[PDB]
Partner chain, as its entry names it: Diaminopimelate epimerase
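Next up is one chain by itself, shown in structure tokens, the form solved without the partner chain.
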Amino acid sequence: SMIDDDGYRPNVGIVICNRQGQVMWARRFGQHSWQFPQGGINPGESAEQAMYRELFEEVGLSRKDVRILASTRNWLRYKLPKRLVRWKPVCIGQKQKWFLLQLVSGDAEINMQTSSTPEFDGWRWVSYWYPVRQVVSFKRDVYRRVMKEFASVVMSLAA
């Protein structure tokens, strides 16, 4: 992704849910910190195209394995801790468009190991609200807003 005027790189985030009130939670490669899939937008790519590229490259899935249930409307931004800014044009954060997907294929279709440098080691199902308290603090405000925006849909499926 290319950094914009203000130092924010455009990215997409992905919340994948099932019908049990759960979302797909993934362990950052070589870490004990966990997060949702997120990926950059290449020039020319739409947000939806970037999302399906992230879905393929780091989750191993096709359009055909999911259905899009919702999308956030505007960019949601987080700023990197000043200690984590890699030095230009220097990136100070991300602006993100988020997607809620329902997994309709089997769990075994998920493959997080196809890249030579995976985003993730692997994943597990967690309860819907578990991500807000478990994600790194500088993303917590973005996560709280996304999970609130998506909450009605996931809970209705879970009934």
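Residue numbers count along the first chain shown, from 1. So that the term is clear: the rigid core is the largest set of C-alpha atoms that superpose within 1.5 Å between two forms.
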item	value
Stretch with greater C-alpha deviation in 4 other deposited structures of this protein, 49-57 versus 114-122 (rigid core superposition)	114-122
Entries skipping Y78: at least a third of other ones	no
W87-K88 interval: deposited residues absent from the model	1 to 3
Mean C-alpha temperature factor, higher of 138-146 and 10-18	138-146
Residue range whose averaged C-alpha B-factor is higher in the record, 115-123 or 92-100	92-100
Third of the chain, ranked by Cα B-factor, where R67 sits	middle
Entry-reported Cα temperature factor of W129, expressed as the chain third it lands in	highest
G106, C-alpha B-factor rank within chain (lowest, middle or highest third)	middle
Within-chain third of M24 by Cα B-factor, per the entry	lowest
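In what follows, reference is made to the form solved in complex with the partner chain, a form of this protein that is not presented.
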item: Contact assignment for the partner chain in the deposited complex, among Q38, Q49, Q102, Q134, heavy atom within 4.5 Å; value: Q134
item: Single option in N42, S127, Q113, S62 placed near the partner chain in the deposited complex, where near means a heavy atom within 4.5 Å; value: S127
item: Per-stretch contact check against the partner chain in the deposited complex, the hit in 28-36, 53-61, 118-126, 104-112 (non-hydrogen atom, 4.5 angstroms); value: 118-126
item: Contact test in the deposited complex: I3 vs the partner chain, heavy atoms, 4.5 Å; value: no
item: Non-hydrogen atom contact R9 with the partner chain in the deposited complex at 4.5 angstroms; value: no
item: Contact test, all of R144, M155 and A158, partner the partner chain in the deposited complex, heavy atom 4.5 Å; value: yes
